[PDB]
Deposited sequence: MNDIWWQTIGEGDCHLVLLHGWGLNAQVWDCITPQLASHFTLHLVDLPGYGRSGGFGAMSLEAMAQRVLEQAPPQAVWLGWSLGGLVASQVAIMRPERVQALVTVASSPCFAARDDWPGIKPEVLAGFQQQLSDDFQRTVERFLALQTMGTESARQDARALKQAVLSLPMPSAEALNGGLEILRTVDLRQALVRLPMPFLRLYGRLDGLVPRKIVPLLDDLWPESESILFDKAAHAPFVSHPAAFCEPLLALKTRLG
């Protein structure tokens, strides 16, 4: 069904959800640093990577399918689009999420009134370009996520390699992904999450504008990566892991 790979054997399970257009291979470089401290669940989201053969679906539905293969309890970490999925799971079944971690994610990707974000028509235009130029629209959207850093070239290639080492996902899965980002808004639903909530950001993130407002989710904690863009775990793997190890400990 859903490509799912389990690695390591700590008593704390960690579910890692990638972002739009990509797959679990994005975690290749931090899985070695984590697998001795967690049982790690590498997931290709439904419609993505080796989980082809799903079309579009609602965020809720994406979260129900990943939930249906998850361990009983686990820390849930979502990167970007994956951050919304991991968020939806915490909303739907809080007893399953010992703690929620989002990486370079926004509860509401599209700019709303007095809420920073992407212009709803920038993203709408990205769905049109996908019709006209499929292959190069995915590559251009991923090129956006490593821009701005003193590492952009090797980081853009890490992402680009990870989409090109597998057959492209369906164009309907991806367009649906873009729609989720365009229309989803979880700011309120997370106001009262009952479990530990850790939000990680990159300062130079061109998609998720740098946090102070979500800080004012008073129970959640946030870390801003000062020299990272939209993929802090690629450009800053060692700073990325350490708050996760600290988080396993705090749970205890």
Deposited-sequence stretches lacking C-alpha coordinates, listed in sequence order = 1-2, 213, 220-221
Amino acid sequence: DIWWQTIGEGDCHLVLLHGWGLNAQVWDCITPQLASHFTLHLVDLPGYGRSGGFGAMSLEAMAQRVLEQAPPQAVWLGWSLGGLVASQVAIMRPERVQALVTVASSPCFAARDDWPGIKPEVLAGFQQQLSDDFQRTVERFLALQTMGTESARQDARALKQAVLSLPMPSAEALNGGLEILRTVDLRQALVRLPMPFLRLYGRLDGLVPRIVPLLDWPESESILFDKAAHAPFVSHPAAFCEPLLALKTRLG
From here on, numbers count along this sequence of modelled residues.
remark   = For 99-107 versus 112-120, entry-based mean Cα B-factors point to 112-120
remark   = For 225-233 versus 7-15, entry-based mean Cα B-factors point to 7-15
ask   = Out of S151, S80, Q73, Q88, which residue has the highest Cα temperature factor in the PDB record?
value = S151
message = Using only the C-alpha B-factors in the record, can you name which of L84, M168, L130, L159 has the highest?
response = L130
message = When the deposited Cα B-factors of this chain's modelled residues are ordered and cut into thirds, is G125 in the lowest, the middle or the highest one?
response = highest
inquiry  = By the recorded C-alpha temperature factor, relative to the other modelled residues in its chain, which third is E68 in?
reply    = highest
Where the record places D185 (Cα B-factor, split into thirds across the chain) = middle
message = Per the entry's values, where does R192 land by CA temperature factor relative to the rest of its chain, in the lowest, middle or highest third?
response = highest
ask   = Hey, what third does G55 fall into on Cα B-factor, ranked over its chain?
value = highest
